[PDB]
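J.: Submitted below is the structure of interest, expressed as structure tokens.
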Amino acid sequence: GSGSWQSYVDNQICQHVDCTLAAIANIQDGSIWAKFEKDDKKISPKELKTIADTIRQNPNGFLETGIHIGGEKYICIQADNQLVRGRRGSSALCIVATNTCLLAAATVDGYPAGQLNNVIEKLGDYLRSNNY
Amino acid sequence: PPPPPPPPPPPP
């Protein structure tokens with residue numbers, strides 16, 4: 001109980017990753033808690049509902065369907081209960097699931113994917129360690 | 001609606 005989820009998105013993710021898209025949501029509903037959208041991108045609550053339910057119930061599904069966020073399709077490169085990574089051209093996507101939260105961000109074309117992965121996975125590890 | 005459940009203090 002300090003600060004807000006928008007601080008996390010605006011400070012912990014967007015200040016360390018050059019993002020087209022970032023979101024934190026409820027892992028159970030998909031209810032969006034904070035977000036960032038660049039230019040003409042938008043995160044449907046339905047995109048996140050399905051993402052949230054797929055990562056928790058059947059993460060292998062992303063390998064079949066791909067990943068749908070910001071109104072665009074990303075190719076899945078790996079998927080499990082806690083971590084899903086994706087590609088769309090020169091843009092990377094990293095999605096993490098904690099005990100209560102879903103984190104997601106995607107990168108401006110050409111931005112290093114390891115840096116996004118590190119930022120999202122380490123923030124997820126911090127939250128998970130706090131039982132969030 | 002209510003605020004969502006509050007985040008923990010930011011990481012280092």
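Ligands are numbered from 1 in the order shown, chains are lettered A, B, ... in the order of the structure tokens, and residues start at 1 in each chain.
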Considering only C-alpha atoms, return as a list in words whatever protein or nucleic-acid residues lie within 7 Å of segment 50-65 of chain A, sequence-local ones (same chain, fewer than 5 positions apart) excluded.

T.: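 The contact residues come out as residues 27, 28, 30, 76, 79, 80, 81 and 102 of chain A.
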
J.: Please extract the residues of chain A with a backbone DSSP assignment of alpha helix (DSSP H) and present them as a ChimeraX atom specification.

T.: /A:5-7,45-57,61-65,113-129

J.: Please produce an output containing N, CA, C and O atoms for each residue in the selection, written as a short mmCIF file (atom, residue, chain, number, x, y, z; two decimals), in the first residue's frame.

T.:
```
data_model
loop_
_atom_site.label_atom_id
_atom_site.label_comp_id
_atom_site.auth_asym_id
_atom_site.auth_seq_id
_atom_site.Cartn_x
_atom_site.Cartn_y
_atom_site.Cartn_z
N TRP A 5 -0.90 2.01 -9.42
CA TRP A 5 -0.45 1.12 -10.51
C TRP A 5 -0.04 1.95 -11.72
O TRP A 5 0.79 1.48 -12.51
N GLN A 6 -0.59 3.16 -11.86
CA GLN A 6 -0.21 4.04 -12.98
C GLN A 6 1.24 4.46 -12.79
O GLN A 6 1.97 4.51 -13.78
N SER A 7 1.64 4.71 -11.54
CA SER A 7 3.06 5.02 -11.29
C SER A 7 3.90 3.87 -11.83
O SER A 7 4.88 4.14 -12.54
N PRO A 45 -10.53 -4.35 -23.45
CA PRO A 45 -10.71 -5.16 -22.25
C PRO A 45 -10.93 -6.64 -22.56
O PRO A 45 -10.72 -7.50 -21.69
N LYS A 46 -11.37 -6.91 -23.80
CA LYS A 46 -11.61 -8.28 -24.25
C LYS A 46 -10.30 -8.96 -24.63
O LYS A 46 -10.15 -10.16 -24.42
N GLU A 47 -9.37 -8.21 -25.23
CA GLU A 47 -8.01 -8.69 -25.48
C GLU A 47 -7.42 -9.25 -24.18
O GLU A 47 -6.91 -10.37 -24.18
N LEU A 48 -7.56 -8.48 -23.08
CA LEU A 48 -6.92 -8.77 -21.80
C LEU A 48 -7.67 -9.84 -21.02
O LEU A 48 -7.08 -10.58 -20.23
N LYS A 49 -8.99 -9.90 -21.20
CA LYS A 49 -9.79 -10.95 -20.59
C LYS A 49 -9.29 -12.30 -21.09
O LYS A 49 -9.03 -13.21 -20.29
N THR A 50 -9.10 -12.41 -22.41
CA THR A 50 -8.73 -13.66 -23.05
C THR A 50 -7.27 -13.99 -22.72
O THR A 50 -6.95 -15.12 -22.33
N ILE A 51 -6.38 -12.98 -22.86
CA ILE A 51 -5.00 -13.14 -22.44
C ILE A 51 -4.95 -13.67 -21.01
O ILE A 51 -4.17 -14.58 -20.72
N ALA A 52 -5.71 -13.06 -20.10
CA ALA A 52 -5.58 -13.41 -18.69
C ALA A 52 -6.03 -14.85 -18.50
O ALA A 52 -5.34 -15.63 -17.86
N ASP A 53 -7.16 -15.21 -19.10
CA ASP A 53 -7.74 -16.54 -18.96
C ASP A 53 -6.88 -17.59 -19.67
O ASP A 53 -6.82 -18.73 -19.22
N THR A 54 -6.21 -17.24 -20.77
CA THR A 54 -5.40 -18.22 -21.47
C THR A 54 -4.12 -18.55 -20.70
O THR A 54 -3.71 -19.70 -20.65
N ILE A 55 -3.50 -17.53 -20.09
CA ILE A 55 -2.22 -17.74 -19.41
C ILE A 55 -2.45 -18.60 -18.17
O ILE A 55 -1.63 -19.45 -17.85
N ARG A 56 -3.61 -18.44 -17.56
CA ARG A 56 -3.93 -19.17 -16.32
C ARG A 56 -4.48 -20.56 -16.62
O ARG A 56 -4.17 -21.48 -15.86
N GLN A 57 -5.25 -20.70 -17.70
CA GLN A 57 -5.95 -21.99 -17.94
C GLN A 57 -5.26 -22.84 -19.01
O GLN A 57 -5.35 -24.06 -18.90
N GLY A 61 -2.04 -22.45 -25.57
CA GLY A 61 -2.93 -21.92 -26.58
C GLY A 61 -2.28 -20.81 -27.41
O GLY A 61 -2.54 -20.70 -28.61
N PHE A 62 -1.44 -19.98 -26.78
CA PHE A 62 -0.84 -18.86 -27.49
C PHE A 62 0.04 -19.35 -28.65
O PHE A 62 0.27 -18.63 -29.61
N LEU A 63 0.56 -20.57 -28.54
CA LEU A 63 1.39 -21.14 -29.59
C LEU A 63 0.54 -21.47 -30.81
O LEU A 63 1.06 -21.53 -31.93
N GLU A 64 -0.77 -21.65 -30.62
CA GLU A 64 -1.70 -21.94 -31.70
C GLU A 64 -2.27 -20.63 -32.25
O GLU A 64 -2.11 -20.31 -33.43
N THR A 65 -2.90 -19.84 -31.37
CA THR A 65 -3.65 -18.66 -31.75
C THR A 65 -2.75 -17.45 -32.02
O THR A 65 -3.16 -16.51 -32.71
N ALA A 113 14.89 -6.51 -27.17
CA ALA A 113 13.89 -7.35 -26.53
C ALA A 113 14.37 -7.84 -25.16
O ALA A 113 13.56 -8.03 -24.27
N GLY A 114 15.67 -8.09 -24.98
CA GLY A 114 16.20 -8.51 -23.69
C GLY A 114 15.93 -7.49 -22.59
O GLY A 114 15.62 -7.84 -21.45
N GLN A 115 16.01 -6.21 -22.94
CA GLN A 115 15.77 -5.13 -21.95
C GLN A 115 14.31 -5.14 -21.50
O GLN A 115 14.07 -4.97 -20.31
N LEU A 116 13.37 -5.34 -22.42
CA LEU A 116 11.94 -5.41 -22.05
C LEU A 116 11.71 -6.66 -21.20
O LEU A 116 11.07 -6.57 -20.15
N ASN A 117 12.23 -7.78 -21.66
CA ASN A 117 12.06 -9.04 -20.93
C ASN A 117 12.60 -8.84 -19.51
O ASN A 117 11.89 -9.17 -18.56
N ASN A 118 13.79 -8.27 -19.39
CA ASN A 118 14.37 -8.13 -18.06
C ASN A 118 13.49 -7.26 -17.18
O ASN A 118 13.32 -7.55 -16.01
N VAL A 119 12.95 -6.18 -17.75
CA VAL A 119 12.21 -5.21 -16.96
C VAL A 119 10.89 -5.83 -16.51
O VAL A 119 10.51 -5.70 -15.35
N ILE A 120 10.20 -6.52 -17.43
CA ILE A 120 8.90 -7.07 -17.10
C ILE A 120 9.08 -8.27 -16.17
O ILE A 120 8.38 -8.36 -15.17
N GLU A 121 10.05 -9.15 -16.46
CA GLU A 121 10.19 -10.37 -15.65
C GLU A 121 10.66 -10.05 -14.24
O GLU A 121 10.19 -10.68 -13.31
N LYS A 122 11.53 -9.05 -14.09
CA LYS A 122 12.05 -8.67 -12.75
C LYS A 122 10.96 -7.96 -11.95
O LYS A 122 10.90 -8.18 -10.73
N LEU A 123 10.13 -7.14 -12.59
CA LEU A 123 9.04 -6.49 -11.88
C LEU A 123 8.04 -7.57 -11.44
O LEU A 123 7.55 -7.57 -10.32
N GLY A 124 7.74 -8.50 -12.33
CA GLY A 124 6.89 -9.62 -11.97
C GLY A 124 7.46 -10.42 -10.81
O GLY A 124 6.70 -10.90 -9.97
N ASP A 125 8.79 -10.62 -10.78
CA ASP A 125 9.43 -11.39 -9.72
C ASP A 125 9.32 -10.65 -8.38
O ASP A 125 9.13 -11.26 -7.34
N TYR A 126 9.47 -9.33 -8.42
CA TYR A 126 9.32 -8.50 -7.24
C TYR A 126 7.90 -8.60 -6.67
O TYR A 126 7.68 -8.72 -5.48
N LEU A 127 6.91 -8.53 -7.54
CA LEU A 127 5.53 -8.55 -7.10
C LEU A 127 5.21 -9.93 -6.54
O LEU A 127 4.73 -10.06 -5.42
N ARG A 128 5.55 -10.96 -7.30
CA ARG A 128 5.32 -12.34 -6.87
C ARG A 128 5.91 -12.60 -5.49
O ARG A 128 5.35 -13.35 -4.70
N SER A 129 7.08 -12.02 -5.21
CA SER A 129 7.77 -12.21 -3.94
C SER A 129 7.03 -11.51 -2.80
O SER A 129 7.22 -11.83 -1.64
#
```

J.: Give me the residues within 12 Å of residue 2 of chain B as a list in words, counting only C-alpha atoms and dropping any in the same chain fewer than 2 places off.

T.: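 Answer for this query is residues 31 and 33 of chain A; 4, 5 and 6 of chain B.
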
J.: Can you work out which one of A:132, A:95, A:82, A:106 has the shortest atom-to-atom distance to residue 38 of chain A, counting only C-alpha atoms?

T.: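 Ranking A:132, A:95, A:82, A:106 by distance to residue 38 of chain A, first place goes to A:106.
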
J.: For a test of reading the model, state the distance in Å between atom CA of residue 110 of chain A and atom CA of residue 16 of chain A, rounded to one decimal.

T.: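 That distance, rounded to one decimal, is 14.9 Å.
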
J.: How many Å lie between atom CA of residue 88 of chain A and atom CA of residue 24 of chain A, rounded to one decimal?

T.: 20.6 Å

J.: Check every residue of chain B for an atom within 6 Å of chain A, counting only C-alpha atoms, and provide those that qualify as a list in words.

T.: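 Listed by rising number, the hits are residues 6, 7, 8 and 9 of chain B.
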
J.: For the residues in that selection, give me N, CA, C and O atoms as a compact mmCIF listing (two decimals), in the first residue's frame.

T.:
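This is the output file part_23.txt:
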```txt
# COMPACT_ATOMS: atom_id res chain seq x y z
N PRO B 6 -4.19 -1.84 -3.99
CA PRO B 6 -3.03 -0.97 -4.18
C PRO B 6 -1.70 -1.70 -4.38
O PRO B 6 -1.49 -2.78 -3.84
N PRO B 7 -0.77 -1.14 -5.18
CA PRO B 7 0.52 -1.79 -5.43
C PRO B 7 1.43 -1.69 -4.22
O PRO B 7 1.29 -0.78 -3.41
N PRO B 8 2.41 -2.60 -4.07
CA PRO B 8 3.39 -2.49 -2.99
C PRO B 8 4.37 -1.36 -3.30
O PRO B 8 4.45 -0.89 -4.44
N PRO B 9 5.16 -0.90 -2.31
CA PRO B 9 6.15 0.16 -2.54
C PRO B 9 6.98 -0.22 -3.76
O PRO B 9 7.27 -1.39 -3.98
```

J.: For atom CA of residue 42 of chain A and atom CA of residue 11 of chain B, determine how far apart the two atoms are, in Å to one decimal place.

T.: 27.6 Å

J.: Can you pull out every residue from segment 19-63 of chain A that DSSP, working from the backbone, puts in strand (DSSP E or B), and format the result as a list in words?

T.: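 These are the residues in question: residues 19, 20, 21, 22, 23, 24, 25, 26, 32, 33, 34, 35, 36 and 37 of chain A.
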
J.: Need to verify the contact set: residue 72 of chain A, 12 Å, only C-alpha atoms, exclusion of same-chain residues closer than 5 positions in sequence. Can you return it as an mmCIF file with C-alpha atoms, in the first residue's frame?

T.:
```cif
data_model
loop_
_atom_site.group_PDB
_atom_site.id
_atom_site.type_symbol
_atom_site.label_atom_id
_atom_site.label_comp_id
_atom_site.auth_asym_id
_atom_site.auth_seq_id
_atom_site.Cartn_x
_atom_site.Cartn_y
_atom_site.Cartn_z
ATOM 1 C CA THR A 20 4.025 1.215 -27.886
ATOM 2 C CA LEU A 21 1.833 -0.338 -25.206
ATOM 3 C CA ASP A 40 -3.076 4.856 -32.519
ATOM 4 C CA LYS A 41 -3.023 1.731 -30.317
ATOM 5 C CA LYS A 42 -5.813 0.624 -27.949
ATOM 6 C CA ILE A 43 -6.066 -2.301 -25.487
ATOM 7 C CA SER A 44 -9.517 -3.847 -25.672
ATOM 8 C CA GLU A 47 -8.015 -8.694 -25.483
ATOM 9 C CA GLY A 66 -0.761 -16.207 -31.325
ATOM 10 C CA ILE A 67 -1.255 -13.201 -29.011
ATOM 11 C CA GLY A 86 5.916 -12.539 -28.609
ATOM 12 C CA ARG A 87 7.142 -10.887 -31.825
ATOM 13 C CA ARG A 88 5.529 -8.633 -34.421
ATOM 14 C CA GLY A 89 8.103 -7.547 -36.977
ATOM 15 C CA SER A 91 8.564 -5.229 -32.046
ATOM 16 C CA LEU A 93 5.973 -8.318 -26.452
ATOM 17 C CA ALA A 106 5.324 -4.152 -26.267
#
```
